[PDB]
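In the block that follows, a single chain appears as structure tokens, in the form deposited in one PDB entry.
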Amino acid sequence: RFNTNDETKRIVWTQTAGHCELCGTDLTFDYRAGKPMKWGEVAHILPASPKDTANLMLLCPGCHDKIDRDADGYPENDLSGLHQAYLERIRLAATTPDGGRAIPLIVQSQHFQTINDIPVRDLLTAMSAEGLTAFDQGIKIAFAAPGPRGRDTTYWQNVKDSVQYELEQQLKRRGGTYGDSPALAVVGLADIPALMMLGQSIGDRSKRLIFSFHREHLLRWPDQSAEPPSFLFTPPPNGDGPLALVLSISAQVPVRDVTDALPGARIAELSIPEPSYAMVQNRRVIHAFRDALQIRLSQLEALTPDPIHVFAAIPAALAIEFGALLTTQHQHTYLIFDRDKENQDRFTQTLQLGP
């Protein structure tokens, strides 16, 4: 055998997480089975190379005899390559909480910042529950109020440059074990058009987790277990009319309201069986919505080079993912219609994406 002190044993036992390094057997199995843990009988510590605690291995008796066949406490072959690889896999898992370094971001409309102001703590506790760890004050920004020219292209561009400014400064704050940028923990509560621009700013090609505000559960997921709802599709009819995509997710949009604001519209509908305002039970719902949506958008874009007119009844989190989805190099024109308080809540064009 190989002589070792108690500290050296406790170091080896700890760095290896109590598993044999060659076969992976959990050497703490006896304690788990209610038996006394004989640390010295259930495992042998020896050097990883023939002949520091960093070069000592933890082996089950069965594997020790296999690699130390002369019973001289030293391996016959140089097992340092496998040994270091083992410790590295353990180190990576043990440090995994480092990957939770995240940036809180709460984007609200001035209306909701005065009605349902989201406190940063509500997002931080929801983040903490999922292993997302903030390290500084969260970003809390409100969409600027539109001026005389309304929410023209300049307005929407300044909103994008503002959000991208705020997130780019914090994303520079790299850390962890590999210098990665922190994750973005983002929640939005604003009109659908503004939340789409929030998605346009953040994209979907970075470690970012969308959170959803709920009247009762706050930003905690009402049911991480719920199965995402089916996203059913109704294809558009034959014709030359303007192509309209109706999203009936939060509520069933009356197709009559869509053709009233867009006469002759060719209506394509993406819905869930029973629309409900709280249908965002967990983040997997948001992902499922994206997948189903992009599949249909590819089908609709193939049906026309003309703009796709969107009439959406979707929760806030889905409005963001929608916007984020449309951040590829490819860009098709989408004309976002929203119920306009200035026109009796009738659908009117609010935002144009892409060319």
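Rigid core here is just the name for the largest C-alpha set that superposes within 1.5 Å across the two forms. Position 1 is the first residue in the sequence shown; the rest follow in order.
Not pictured, yet referred to below: the form deposited in another entry.
Core superposition between this form and the one not shown leaves every listed residue (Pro273, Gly239, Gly179, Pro263) with a C-alpha shift below 2 angstroms except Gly179. Relative to the superposed core, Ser230 undergoes a Cα shift smaller than 2 Å between this form and the one not shown.
Superposed on the core, the two forms differ at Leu218: its CA moves 2 Å or more between this form and the one not shown. A displacement of 2 angstroms or greater separates the C-alpha positions of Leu82 between this form and the one not shown, with the rigid core held in common. Inter-residue distance, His217 to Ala226 (Cα): increased by at least 3 Å in the other form versus the depicted form.
Note: the CA-CA distance for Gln329 and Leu243 contracts in the other form relative to this form, by 3 angstroms or more.
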